[PDB]
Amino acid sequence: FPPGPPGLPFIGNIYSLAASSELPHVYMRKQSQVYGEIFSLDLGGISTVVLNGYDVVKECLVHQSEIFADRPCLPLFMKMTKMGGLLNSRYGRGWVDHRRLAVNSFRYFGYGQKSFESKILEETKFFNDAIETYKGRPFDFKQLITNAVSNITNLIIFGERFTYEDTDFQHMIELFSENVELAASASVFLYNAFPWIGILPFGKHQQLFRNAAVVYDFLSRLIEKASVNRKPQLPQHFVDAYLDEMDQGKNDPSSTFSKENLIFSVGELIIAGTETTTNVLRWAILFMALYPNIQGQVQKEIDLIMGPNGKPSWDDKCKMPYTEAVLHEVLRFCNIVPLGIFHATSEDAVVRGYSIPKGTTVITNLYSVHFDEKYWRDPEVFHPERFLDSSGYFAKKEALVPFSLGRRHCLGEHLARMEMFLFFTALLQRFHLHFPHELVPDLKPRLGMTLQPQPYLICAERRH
């Protein structure tokens, strides 16, 4: 069983993570330098194993894919979803059924259709128009980016987009997003260690359970509004398709599709899309205002390939290596999902001599892969040029894994990439981005299951 740093009795390394000035993924990378690529932590009595660097992360999630495909049975995840749904589903027939349905649905109701790309572009127009509203005055992009990004998924799930005046839906996403953040909280690591803490009426765990209630109700209401006009066997979207599957499993009682599992799946798909993609864009914008020379080079490429008023296109990607370079270097350098989503072993495992008992939490420290000095030159530097080959084309790197690897890898990778590219290009084509009174902006990320920047104002002035 892998060695690791010691911590106090009862609470273990929750203390050492807690009392460290460094964020958890940074903490963990330093400890691998002392204990090895694979080390352990005692998180209040839950034994967890951390994987660090590209080699062991691959060795587990890819070479032993079925053994590390599971999710851990932490009290919070048992309470929230009973380990059904998709994202936190146990590895099994339930997960196979939901994953398959989701993959096919995103293909069929999404990027598999010729008209889909223009629906993204339609959204960049609402988005850019909303930006113009402010007439170059400083504001926070967080809301608009969130609205716009979530609508690309709303099309696939609910068959429609919600307007930017829809503050009810926005409120539901703000609570759900708070929950993704509180999930990384010391309060929650303790709650999972000591679930009797649930008797305590105050604290971040009660905020999370309350939020989850409000969110669960809202999602079931949306799912009901989206199933009104349903024509059995002729689905308009993911919700209809899910209901199709419940029909075909009415006689199969071991069928895993359920009304509860539909709310969990929809919630998981919606929050997975909105949290992550939004943040990528928010980091990118931050860095383009910080480094105008880099912003300007992207803009130069846009004008050469797309012109001043051309509609951006997914097909343009491969004529725009520098743009693709910047975007990949944001994924690598900001690590929007720094520790991925926790895994667990689906059976007793043996990795590099160490034994890992069935059910152990396994943390894949994706941050440490992107800063693995065996595969990256000076990874502590933001430098898009590292993704360019000697002819100036985009050069893909094996050790860039911001959508993780193996059986559980991001289901939305492709969709995210189109969203990112089309939103970033549409925005930079129309605007110049800089800070107010050249304010000194903060680049220290906010502690959560995803990394987002602190609130920052930005000025968007039209270019032509």
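Numbers for residues come from their place in the sequence shown, where the first is 1.
Stretches compared: 298-306, 178-186. Higher mean C-alpha B-factor in the entry: 298-306.
When the C-alpha B-factors of 404-412 and 431-439 are averaged, 431-439 comes out higher. The entry assigns its greatest Cα B factor, within the set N211, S255, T146, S391, to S255.
Remark: of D372, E132, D217, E324, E132 shows the highest value [criterion: C-alpha B-factor in the PDB entry].
In the PDB entry, a CA B factor belonging to the highest third of its chain's modelled residues is recorded for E117. When the CA B factors of the chain's modelled residues are split into thirds, the value for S20 lands in the highest one. When the modelled residues of the chain are ordered by C-alpha B-factor, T364 sits in the lowest third. For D378, the recorded CA temperature factor ranks within the highest third of the chain's modelled residues. Ranked by C-alpha B-factor against the other modelled residues of its chain, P72 falls in the lowest third.
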